[PDB]
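Listed in order, the protein sequences are those of chains K, E, b, O and 0.
Okay, so the first sequence: first residue is 120 according to the entry's author numbering, each after it adds one.
Okay, so the second sequence: first residue is 43 according to the entry's author numbering, each after it adds one.
Okay, so the third sequence: first residue is 2 according to the entry's author numbering, each after it adds one.
Okay, so the fourth sequence: first residue is 9 according to the entry's author numbering, each after it adds one.
Okay, so the fifth sequence: first residue is 79 according to the entry's author numbering, each after it adds one.
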Amino acid sequence: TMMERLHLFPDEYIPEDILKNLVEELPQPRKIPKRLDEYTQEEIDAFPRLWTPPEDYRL
Amino acid sequence: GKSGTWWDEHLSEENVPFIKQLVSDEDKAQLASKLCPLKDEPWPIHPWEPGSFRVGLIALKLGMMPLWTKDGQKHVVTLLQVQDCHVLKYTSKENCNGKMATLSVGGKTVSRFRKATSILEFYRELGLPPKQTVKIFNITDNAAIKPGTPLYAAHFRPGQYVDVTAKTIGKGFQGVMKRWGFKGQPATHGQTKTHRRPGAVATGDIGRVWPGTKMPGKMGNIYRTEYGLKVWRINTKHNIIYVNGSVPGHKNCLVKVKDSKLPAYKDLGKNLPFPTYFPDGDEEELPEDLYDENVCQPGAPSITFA
Amino acid sequence: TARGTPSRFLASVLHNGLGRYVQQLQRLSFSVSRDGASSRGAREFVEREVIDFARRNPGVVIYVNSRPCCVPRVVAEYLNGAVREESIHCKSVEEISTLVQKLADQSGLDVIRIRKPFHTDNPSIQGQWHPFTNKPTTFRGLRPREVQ
Amino acid sequence: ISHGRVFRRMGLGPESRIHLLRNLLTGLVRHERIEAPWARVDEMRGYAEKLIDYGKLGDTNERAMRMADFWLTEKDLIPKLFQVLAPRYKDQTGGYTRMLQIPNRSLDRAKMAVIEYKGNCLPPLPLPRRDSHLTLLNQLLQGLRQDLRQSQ
Amino acid sequence: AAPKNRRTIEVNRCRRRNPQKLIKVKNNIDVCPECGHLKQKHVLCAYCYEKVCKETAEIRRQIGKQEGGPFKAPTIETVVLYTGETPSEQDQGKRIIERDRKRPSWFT
RNA sequence: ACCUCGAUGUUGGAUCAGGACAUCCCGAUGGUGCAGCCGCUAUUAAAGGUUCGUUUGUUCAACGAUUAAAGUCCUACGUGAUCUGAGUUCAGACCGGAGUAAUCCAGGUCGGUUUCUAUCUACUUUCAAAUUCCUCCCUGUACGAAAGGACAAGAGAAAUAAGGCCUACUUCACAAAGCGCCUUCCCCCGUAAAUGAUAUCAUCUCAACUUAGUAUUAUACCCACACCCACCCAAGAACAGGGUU
RNA sequence: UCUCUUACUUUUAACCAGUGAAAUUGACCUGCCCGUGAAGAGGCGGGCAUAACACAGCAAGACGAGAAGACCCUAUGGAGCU
RNA sequence: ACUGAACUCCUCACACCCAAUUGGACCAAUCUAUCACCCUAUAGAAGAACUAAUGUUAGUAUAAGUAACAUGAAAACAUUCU
RNA sequence: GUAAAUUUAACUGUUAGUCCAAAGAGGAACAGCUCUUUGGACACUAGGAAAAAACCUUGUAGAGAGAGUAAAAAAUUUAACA
RNA sequence: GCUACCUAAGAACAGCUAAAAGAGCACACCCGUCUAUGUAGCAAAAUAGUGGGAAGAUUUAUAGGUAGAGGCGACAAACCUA
Ligand SMILES: [Mg+2]
Ligand SMILES: [Mg+2]
Ligand SMILES: [Mg+2]
Ligand SMILES: [Mg+2]
Ligand SMILES: [Mg+2]
Ligand SMILES: [Mg+2]
Ligand SMILES: [Mg+2]
Ligand SMILES: [Mg+2]
Ligand SMILES: [Mg+2]
Ligand SMILES: [Mg+2]
Ligand SMILES: [Mg+2]
Ligand SMILES: [Mg+2]
Ligand SMILES: [Mg+2]
Ligand SMILES: [Mg+2]
Ligand SMILES: [Mg+2]
Ligand SMILES: [Mg+2]
Ligand SMILES: [Mg+2]
Ligand SMILES: [Mg+2]
Ligand SMILES: [Mg+2]
Ligand SMILES: [Mg+2]
Ligand SMILES: [Mg+2]
Ligand SMILES: [Mg+2]
Ligand SMILES: [Mg+2]
Ligand SMILES: [Mg+2]
Ligand SMILES: [Mg+2]
Ligand SMILES: [Mg+2]
Ligand SMILES: [Mg+2]
Ligand SMILES: [Mg+2]
Ligand SMILES: [Mg+2]
Ligand SMILES: [Mg+2]
Ligand SMILES: [Mg+2]
Ligand SMILES: [Mg+2]
Ligand SMILES: [Mg+2]
Ligand SMILES: [Mg+2]
Ligand SMILES: [Zn+2]
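Put into structure tokens, the structure is as follows:
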């Protein structure tokens, strides 16, 4: 019975009746570790440079 | 409490033949009304694409016959007669499983007095006699035909491989010897009432019998399919298909015929009619008998090797 | 065993303690024997302590029949129609006095399993909990994943 | 498996079955009406048809004479078969040995049938009559038939 | 093989009181149009069949009385007659058996 | 000597086999004292298969003829309410030996009753996606010094297994069968290689990554809610099912 | 006999009617896998499974039924024989 | 930090959780003496208490409506037939 | 610090024991093996270690819809080279 | 009154080959080799088939005799009322 009261969907699509039934979305437990490209360059400028590299290096 | 009843229970001595005659005439008129599918309002006819599948048909198993090839080899063939085959209903791609479209096709005509009332209403709306069997064919959307169209044997052409599904001959409750080919036990060397028994059924450690164990039981009355049967000949006058080898089930049984799904014959329908065979717009009637190019025709020069 | 016996909830008869307390015991009827070794405790109870009991509580009517019996008895009748019969057969006077005082102390309600030894008629003062208590509202009452 | 297997196993063997059917057929020829268990009556009806055909084959036919001599065990019904029964069905081709179901045998509750040669100076059996043409449904169908005839 | 345990009355009631073991109700039963004695469809009425059988037995007894002994089987047709009922012109060569009765109003 | 002596029946064999891989064959790789054909050894792989006989009760063993091979093991040394009873091991008897004798021998031999009507659990078509050998060509080529002698690709023939069928043949005969005929479709992973850092070379990568590399997001079956006395049936123990225009 | 089994008949069988036993039975609302445990679990632990209820089969388990093991040992228990 | 016993505390009460064995307080039925007189008391006594002995007898189940067991055919019930 | 001990009188029952820690002996520095000694537990309650005799926590009896606790949950991941 | 042996007085043994016969084939009759069924069975030892004998050391009816520390035994520890 508890599993009959459970509804799973693999994507963003949800049926309209269930959506009209929805209340009080729960918050996500994990924190989405925020990959490099979405970092609001102000934050990059805030973060310090830990080491000065040699000028004669190729990487 | 309402007693049961049949169609001719309260009918009179004079009214019984009248009812039979009238119902048979209405049946024949309905059957003849569908003779020209291309003039009523045909659904659009699409060209054949590589990854496309067309409809099959329902046939009747007539019997088996010998046949000989130009090299002198003998093959036994089975005759499948198309009695009254029509497309009954068509479901859209998304209305069944979203995987493939479906076409329902009906078999030989039966009596209207011994069918379910819902089935009777369905066939009344369709405007056709009731069919003994209905089989569903998975098709691509470009092969759909209008419901009520007739299907003819020339839908299949010689030099083609088909699949034949039917209910095999039922042998009732059979012992393990006949059912599973089990060897029995010796006949005279001392055995005590143990000549056809299955013997052991499991081991002692397991303490039970596995689900897949072979034991005596009802045998034979199940649907089975024969794959890759080559058609050798089409008789257009009587709508007969000559299919290589044997076909499951008894004679006078209804079989489901459709193109073989074996990988060796995936796209061989470039030369097969692809809404269906339509004998109205052909503008040239087919011969009474279409043969395969390797078949010794009945009128032959009595082939001599060289 | 509780599963093999009836049950009830804790209750009063007519809201006894709300206004005035009233004695729920109505009558005590005693069957005691003139002769007979089993009615000796009852005999001396009637001799000494029945008069003082009647004077102590005058809301109870006490009858003493004094008939030949093998088993002397006391029948307690309560304002709610309940009837209870007890045997005072071969009991001491102190035993009988304790019995009659206990009978006067109890109410007529059945002595069965009591089921949650408290009876409040107003269990909630700040409002009973429902799944929307302790739940904040949204602007325009918009449920999750809405548009307008 | 008994696919397409006529001739039920009746007695203690094929000869016993043949002799039981022969006794039933002799009784039928003698009495013109015989009651017996249903399946035996079915087999004996199948046999009585061909007995009447052999009788119609002619008195002087040697093969018919031998067949009658075997199948009639009283030797005084063979003249009956050849001069009463066969000449009774000269016009008709195969329509005799009317067979009906009678309620049940009392002791063992067996399914019971009655079988009679037509003609049969015996009193008639309570045959099941069809519904009269004056009933409401039959009158409606008759009106439909008349309307169809007029529309033709 | 012996039962390891006694079967309980609950199990026995479930086995022997389920619908497969119960008697089915039959709807083949209607009134006989003649004699109104509750026949069954597809089966002859017991009352009418008994009447016919009694008349046939009387006729056969008369046949045996007239025939003499065994092995007779006359080579002519037969006709049953009743009180009065002079023989008809078509039944000349037929054997005549007239026992004594008023012809029943079902045998014509 | 821990359960069982108010009974847990034993060796071999028959029948049916479930499972492990520590693989006998079929698949894929590394090394080789691997030129080729045969081999040896190691990694991975348990879907499939793993013969018939003479002697002996044999499991083993020897031998004969084959095969791609004739695997090891567990399953109450699987399985006697399915079977057998040839040994073992009761009562009869003989021989060799022991004993005064009765009697005895982890000596041999002739003979010697195998019960059970199934209450419970379990189970009784999982509807399907086969494997192997051989022949021909390649080729008498790759390879040697000679004998010898391959792969891969292709074509064709079978055998077995599974599933059906009766037109021939055969047992038979309004049927059922085999000795007859018809059909049978995807991989699997261990390594072999690009670019490239940690460690500006190089490095197949429990580095990020690119290939051989994934058959599957498989397709075939089957999927009609209530005419039903009764009759027939290629349907069937009963029930159910198909037909009755 | 077997490779290698098949067909039919009778009995049996299954259904209908009549009559009507016996062994057996602690109670049972009586599942599978792994583990545990008087050391081989339907009933215990962890999982999995799971509307109810007849009929026909089968014999893997219920250390299945029957016979207070006959084999072995013990008893200051017997008896036959020398 | 929390959970977690029949350990300990808390309100009230306390003789009220070991086999064999041993000590003790009561006690059902019955009969007898004397009471009592809708079923009791004080004493004396004894064939004095049964969820178990493959216990004895009787009843009734389970297996089970199961295994099993019957009557050659037609008819006029004279008779005839296989 | 504690409250038991000896003697006298009258008797039964127990005298076919297991595992754990420790010192040993035999065996294989095998055994859920056999034999001694010291102690514990079990053959009595409850909680824990998965179910669990013998390991750990815990004991003296009742009711409570109060409380504090006891024992009580396993952590580990690894080879370049001048 | 079964059975072992005996006593008295009886009975039976077709047909064929007859070598002459405790000879051969073979009925009745006596027995019980092997197989299958049965195993609470028809039966507390049977049925079907197949077998050994069947003019003799044969089979068999009747009455009588020998009895348990015994009888009887062409010794199987056989039989002496399952
Ligand atoms: Mg065989
Ligand atoms: Mg046997
Ligand atoms: Mg047999
Ligand atoms: Mg020990
Ligand atoms: Mg034992
Ligand atoms: Mg036991
Ligand atoms: Mg491996
Ligand atoms: Mg074994
Ligand atoms: Mg077994
Ligand atoms: Mg022998
Ligand atoms: Mg057996
Ligand atoms: Mg069970
Ligand atoms: Mg060469
Ligand atoms: Mg060269
Ligand atoms: Mg019955
Ligand atoms: Mg286990
Ligand atoms: Mg069953
Ligand atoms: Mg059990
Ligand atoms: Mg047992
Ligand atoms: Mg014993
Ligand atoms: Mg002793
Ligand atoms: Mg707590
Ligand atoms: Mg006594
Ligand atoms: Mg007593
Ligand atoms: Mg009792
Ligand atoms: Mg008892
Ligand atoms: Mg049963
Ligand atoms: Mg039976
Ligand atoms: Mg020990
Ligand atoms: Mg305490
Ligand atoms: Mg002689
Ligand atoms: Mg002789
Ligand atoms: Mg001797
Ligand atoms: Mg001896
Ligand atoms: Zn009537």
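Cβ coordinates follow ideal geometry from the N, Cα and C atoms, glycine included.
According to DSSP, simplified to helix, strand and coil, what is residue i?
i: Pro-134 (chain O); result: coil
i: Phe-133 (chain b); result: coil
i: residue 6 (chain O); result: Residue 6 (chain O) cannot be examined here, being either before or after the span of chain O that is shown, 9 to 160.
i: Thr-139 (chain b); result: coil
i: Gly-63 (chain O); result: helix
i: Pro-240 (chain E); result: coil
i: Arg-154 (chain E); result: helix
i: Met-219 (chain E); result: helix
Residue i: beta carbon under 7 Å from a heavy atom of ligand 35?
i: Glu-88 (chain 0); result: no
i: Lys-157 (chain E); result: no
i: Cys-113 (chain 0); result: yes
If the criterion is Cβ atoms closer than 8 Å, does the pair residue i and residue j meet it?
i: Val-289 (chain E); j: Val-176 (chain E); result: no
i: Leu-314 (chain E); j: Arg-221 (chain E); result: no
i: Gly-291 (chain E); j: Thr-210 (chain E); result: yes
i: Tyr-284 (chain E); j: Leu-121 (chain E); result: yes
i: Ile-63 (chain b); j: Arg-74 (chain b); result: no
i: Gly-149 (chain E); j: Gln-174 (chain E); result: yes
i: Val-65 (chain E); j: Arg-166 (chain E); result: no
i: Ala-101 (chain E); j: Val-273 (chain E); result: no
i: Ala-3 (chain b); j: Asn-58 (chain b); result: no
Would you say residue i reaches chain 0, if we count a Cβ-Cβ gap shorter than 8 Å as a contact?
i: residue 349 (chain E); result: The structure shown does not extend to residue 349 (chain E), since chain E spans only 43 to 348, so no value can be given for it.
i: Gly-232 (chain E); result: no
i: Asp-84 (chain O); result: yes
i: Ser-153 (chain E); result: no
Less than 8 Å between CB atoms is the rule here; does residue i satisfy it with respect to chain O?
i: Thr-161 (chain 0); result: no
i: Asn-57 (chain E); result: yes
i: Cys-126 (chain 0); result: yes
i: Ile-137 (chain 0); result: yes
Relative to the C-alpha of residue i, which residue among the options is closest?
i: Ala-186 (chain E); options: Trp-252 (chain E), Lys-135 (chain E), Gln-125 (chain E), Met-219 (chain E); result: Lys-135 (chain E)
i: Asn-336 (chain E); options: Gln-202 (chain E), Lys-76 (chain E), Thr-144 (chain E), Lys-44 (chain E); result: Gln-202 (chain E)
i: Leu-130 (chain E); options: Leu-109 (chain E), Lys-112 (chain E), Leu-162 (chain E); result: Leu-162 (chain E)
i: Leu-148 (chain O); options: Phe-60 (chain E), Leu-310 (chain E), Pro-340 (chain E); result: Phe-60 (chain E)
i: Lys-103 (chain b); options: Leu-11 (chain b), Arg-49 (chain b), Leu-29 (chain b); result: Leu-29 (chain b)
i: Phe-119 (chain b); options: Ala-3 (chain b), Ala-12 (chain b), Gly-5 (chain b); result: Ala-12 (chain b)
i: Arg-113 (chain O); options: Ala-124 (chain 0), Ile-141 (chain 0), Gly-162 (chain 0), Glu-163 (chain 0); result: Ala-124 (chain 0)
Can you find a heavy atom of ligand 2 that lies under 7 Å from the Cβ of residue i?
i: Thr-236 (chain E); result: no
So with Cβ pairs under 8 Å, would you call residue i a contact of chain b?
i: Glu-162 (chain K); result: no
Mind checking if residue i is an interface residue toward chain K, Cβ cutoff 8 Å exclusive?
i: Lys-103 (chain b); result: no
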